[PDB]
Amino acid sequence: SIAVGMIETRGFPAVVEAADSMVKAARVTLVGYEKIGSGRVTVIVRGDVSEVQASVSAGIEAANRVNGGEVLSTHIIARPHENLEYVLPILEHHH
Amino acid sequence: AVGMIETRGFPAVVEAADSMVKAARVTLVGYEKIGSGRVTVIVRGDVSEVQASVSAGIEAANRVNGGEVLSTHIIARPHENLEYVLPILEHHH
Amino acid sequence: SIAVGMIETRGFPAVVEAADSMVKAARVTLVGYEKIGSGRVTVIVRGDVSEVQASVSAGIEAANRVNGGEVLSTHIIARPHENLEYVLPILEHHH
Amino acid sequence: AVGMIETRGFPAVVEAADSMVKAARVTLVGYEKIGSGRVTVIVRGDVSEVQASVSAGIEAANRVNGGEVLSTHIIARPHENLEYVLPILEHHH
Amino acid sequence: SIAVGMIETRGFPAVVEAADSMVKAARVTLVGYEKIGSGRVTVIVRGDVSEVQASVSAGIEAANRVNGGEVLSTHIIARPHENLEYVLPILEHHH
Amino acid sequence: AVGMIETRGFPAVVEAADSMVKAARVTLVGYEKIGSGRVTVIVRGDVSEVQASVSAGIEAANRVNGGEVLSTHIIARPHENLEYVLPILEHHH
C-alpha cells in the first residue's frame, strides 16, 4: 500500500536533514512540510509502505546526528484515509 | 455531534484524525493550530459514531512515538452560532 | 446595559466548550474568537449584562470539566467603549 | 504622547484598553501581538491624559481574574520615524 | 561606513522605547522591526557607524529603564553585505 | 551544497548571515522562522566554500551579545525534491 511517513523535529536544520535522508534512502517523495510552533516542524513523505519504513528509519538516524538535532516524534500511516488530504497538509506537494 | 482531539505534535494529530475517520461514520471537518505545539482535529457525525471515533483516536494517538494527547471533548448538538465563529466545521458541507 | 464577556483557555477543545455553554445558558451571542499564542485562546460573547454574567458562569463551569480543560482568565465589561470595536477583535461577528 | 500596557492574556488587555479610554481623553490607536501570550494596547493623547489613562489601565488590568500586567511605558513626543515602522499608531487619523 | 544597529527585547513597550531613544540620540534612521516569536522583537537602525554606536548605547540604556523592560541581544554590523537586504528584513524601511 | 545556522534571536542570525557571505563564495538564499525564537539562515555554494562560511558564521554568532547558536548543518548535494517543499532555496536564482 501507499503510506505516509512523518518526522517531527525541534529545529529547522534537523528537519531538512530528515527530509534529505528520507528521499535519498528509498523510493519516496517529499510531500509535506508543516510548522505548528514552539520550534516543532514536520516533514512528510509518501511511497510504498516498505519504502516509507526504510526512509523513516534513515531520516531518524540522520536527524539524530545533526549538531543540535532533536527528533520529537515519528509515525507511519499505511493507507491514509482520503478525508485527511483536504484537511491536513500531509500531501500538499503530491500530484 | 462534534468530537475534538488536541495533541502536542503534528504526527500524533494526524494519527488521531486517521483513526477517528476509520473507526466510525464521521467526517473530519477541522484542523486548528493555536501555538505551544497544540493542534486539534475535529470530526462530525452522529453522537454514537463520534464517541466511537474519539475513543479510537485517543487510543491510537497515545501509541504514537512521542505522541501526546492534551485534551479531548465531545459536544452533541453544538449551537449554530459556533459554526461561523470557530473553525470546528471548516470542511463540513 | 450591553456587556461583553470573555473566557480565555489554554487549549482549543475547552474554548469550544466555553463558547457552546455560554450561548446555551443565556441570551447572548458569540461574537469573537481570538488567538494570542502560547496555547491561549479567548471567546467573547455579547448581551445584556445579567445574561452575560449567567453565560460566563456557565462557560467557566463547563470549560473546567473538559478533559485537559484549563481556564486562564475571565472578565466581563459592561458598556465597552466604542473605540474598542475597531481596534480589538472583541465584536468581530456582531452585526 | 503614546502610552502602552502589555499584558499576558487577552481579557486583561481588553480591560486595560477600556479603562484607559474611559479614564481620560485618549484614543486607543494600536493592538500588537508578539507571541508568548504577550499583547499590548497603545493610546495617544496629551501627556497628562495619557498618564491618567495608563495609571487607570494598570489598576484595572491588575484586578482581572488571571490578569497579568507585564510592562508599561509612556513616551511623550515619540519621534515621527516610529509611526511608519512600528504599529503604535495604526488607528490614529 | 554605513552600519546597522539592532536591539532585541522581550516585550513590545521596551522595543518601542529602544527605537525612540535610538533615533533621538544620533543621526540614524529606524529601518526595521522584526518579530520572531516567544515575545522576542528587534528594531533596526541605519547610519554612519559612530552614530549607530551612539544610538545603540542610548537604546540599551533606555530600554533597560522600561517597567518590565528586558534587553535580550544587541549587535552592530558595519558594512552589511548587500545580499542581506533582500533576504532579511533589516532594511525594510530604508529608501 | 546548502549550509544552515539556526540561532535563538534575530541579531545573532543576522550576524551569522553577514559573516557567512563575507567569509567565502556563497549566496544567502533563505531565512526561516519556526517559533520559540528559532530562526535559520541558509547559504548555497561549493561545499568547501559552504564549510568555510558556516565555520565563520558560528564563530561570529557565538560572539554576539546574547547570541545563541542552536543547530548547524551542511548538506552537500541536497536532493532536488527539497527545493520546492522546504524554503532552503527561496532566493536562489
Side-chain angles (χ1 to χ4, degrees), chain A residues 1-8 31-32 34 36 42 44-46 48-49 52-53 56 73-91 94, chain B residues 1-34 37-78 82-83 86-88 90-93, chain C residues 11-17 20 65-69:
Chain A
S1 300
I2 297 151
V4 290
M6 297 174 284
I7 298 176
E8 180 181 49
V31 293
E34 178 67 346
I36 68 170
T42 300
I44 303 98
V45 299
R46 178 189 184 277
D48 286 357
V49 66
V52 173
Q53 294 166 329
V56 172
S73 72
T74 67
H75 194 57
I76 296 172
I77 302 176
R79 300 169 297 283
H81 196 288
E82 64 179 348
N83 194 166
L84 272 49
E85 302 165 9
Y86 67 85
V87 180
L88 291 161
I90 55 164
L91 286 155
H94 175 247
Chain B
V2 49
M4 293 175 284
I5 299 177
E6 181 182 45
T7 64
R8 184 104 58 197
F10 186 70
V13 97
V14 181
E15 177 52 43
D18 191 61
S19 289
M20 283 198 288
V21 291
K22 281 178 176 173
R25 190 175 275 275
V26 304
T27 179
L28 176 66
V29 293
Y31 165 53
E32 178 67 337
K33 305 155 72 167
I34 65 164
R38 305 180 74 112
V39 281
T40 301
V41 285
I42 305 103
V43 301
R44 175 196 185 275
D46 284 1
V47 70
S48 59
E49 296 295 272
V50 173
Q51 293 167 336
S53 280
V54 168
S55 293
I58 293 166
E59 289 171 14
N62 281 335
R63 282 173 195 181
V64 168
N65 290 338
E68 184 181 12
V69 178
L70 297 177
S71 69
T72 65
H73 190 60
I74 297 168
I75 301 175
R77 298 164 299 283
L82 272 53
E83 305 169 356
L86 294 165
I88 54 164
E90 182 183 351
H91 302 282
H92 169 65
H93 300 104
Chain C
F12 185 71
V15 97
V16 181
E17 179 52 41
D20 192 56
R65 291 168 184 185
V66 169
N67 290 332

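Numbered from 1 within each chain, the chains take letters A, B, ... in sequence-line order.
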Legend entry - Point-to-point distance, once rounded to the nearest 0.5 Å, from CD of A:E34 to CE of A:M6: 11.5 Å

Legend entry - Polar side chain donor-acceptor pair, B:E49 to B:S53, under 3.5 angstrom: no

Legend entry - Nearest-0.5 Å distance that lies between atom CD in B:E6 and atom NZ in B:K33: 14.0 Å

Legend entry - Distance in Å, C:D20 CG paired with B:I88 CD1, rounded so as to fall on 0.5 Å steps: 8.0 Å

Inset, instruction - Take A:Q53 and A:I76 through the side-chain contact (heavy atoms from CB on, under 4.5 Å) test and state the conclusion after the steps. - result: CA-CA 7 Å; A:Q53 294 166 329; A:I76 296 172; 3.9 Å; yes

Inset, instruction - Show your working on side-chain contact (heavy atoms from CB on, under 4.5 Å) between A:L88 and B:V41 and close with a plain yes or no. - result: CA-CA 9 Å; A:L88 291 161; B:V41 285; 4.1 Å; yes

Legend entry - Under 3.5 Å donor-acceptor, C:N67 side chain and B:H73 backbone: no

Inset, instruction - Hey, could you give me the CG/NZ distance between A:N83 and B:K22, rounded to the nearest 0.5 Å? - result: 11.5 Å

Legend entry - Side-chain heavy-atom pair B:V21, B:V26 within 4.5 angstrom cut-off: yes

Legend entry - Derivation and outcome, side-chain contact (heavy atoms from CB on, under 4.5 Å), residues B:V50 and B:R44: CA-CA 7 Å; B:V50 173; B:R44 175 196 185 275; 5.9 Å; no

Inset, instruction - Indicate the atoms forming the closest heavy-atom contact of B:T40 with C:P13, along with that distance. - result: OG1-CD, 3.7 Å

Legend entry - Closest non-hydrogen atom pair between B:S19 and B:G57, with its separation: CB-CA, 4.2 Å

Legend entry - Check against side-chain contact (heavy atoms from CB on, under 4.5 Å), A:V31 and A:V45: CA-CA 5 Å; A:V31 293; A:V45 299; 5.6 Å; no

Inset, instruction - Report yes or no: does B:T7 contribute a side-chain atom to a donor-acceptor pair with the main-chain N or O of B:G9 at less than 3.5 Å? - result: yes

Legend entry - Whether B:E15 side chain and B:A60 backbone form a donor-acceptor pair below 3.5 Å: no

Inset, instruction - Supply the atom-to-atom distance B:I42 CD1 to B:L28 CG, rounded to the nearest 0.5 angstrom. - result: 8.0 Å

Legend entry - Check: C:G68 main-chain N/O paired with B:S71 side-chain donor or acceptor under 3.5 Å: no

Inset, instruction - Taking all heavy atoms of B:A52 and all of B:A24, pick out the closest pair and write down the distance. - result: CB-CB, 4.1 Å

Inset, instruction - Hey, could you give me the CG/CZ distance between B:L70 and B:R8, rounded to the nearest 0.5 Å? - result: 4.5 Å

